[PDB]
């Protein structure tokens, strides 16, 4: 008798990027990922379902060999913007010869009454002005679900020297986050207007921008 297997292929199934689902210029994709695929049994067959109905547009990524002598095997299904937002369920079914049966995972958008982000821009502290670079802050609160995109711009150009905190659960069950843009103090002192852009389902046109400037 063989000893019994102590594990096998795992499937992880990942939603679209928030921004992709909210801009009809972009294409949102659901991604199905299989790890611990053995070299003895490396083929993965993928089948996709939307509200239980089969769809045939998945793209098949080439397998990725890993340092631990397994494969990471991926399938990527592009979805329709409004299907995702209307709360439809995407099901990845994964067949591999190491398992006697398929693994099924399902993803959908978080459920809950959507709620509009409140966006507020907060200038640098007077105390921080002793430094060469200063901190512009955007607080986004009151929003649900947690899928959101935040960016910065100035004067028609994107600003990329920022870091955004992950969403944090607030006491009322909504979410909040902060984003920090770091700029050279000189730029702020000149009177330049920097802008915090937020994309989310519960905003009109899925978008808002709030401005921040010295005056």
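Numbering follows the first chain given and starts at 1.
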Checklist outcome for this item: Quick note on 78-86 and 134-142: per-entry mean CA temperature factor is higher in 78-86
Checklist entry - So which stretch wins on mean C-alpha B-factor, 20-28 or 187-195? => result 20-28
Item to check | From 119, 98, 122, 73, residue of greatest CA B-factor | outcome: 98
Next on the checklist: For the CA B factor values reported in this entry, which option in 47, 182, 157, 164 has the top one?
Outcome noted: 157
Checklist outcome for this item: Binned into thirds over the chain's modelled residues, the C-alpha B-factor of residue 69 lands in the lowest
Next on the checklist: How does the C-alpha B factor of residue 7 compare with the rest of the chain: lowest, middle or highest third?
Outcome noted: middle
Next on the checklist: Lowest, middle or highest third: which one holds residue 149 when the chain's residues are ordered by CA B-factor from the entry?
Outcome noted: lowest
Item to check | B-factor third for the C-alpha atom of residue 177 within its chain | outcome: lowest
Next on the checklist: For the chain shown, is the CA B-factor of residue 55 in the lowest, middle or highest third of its modelled residues?
Outcome noted: highest
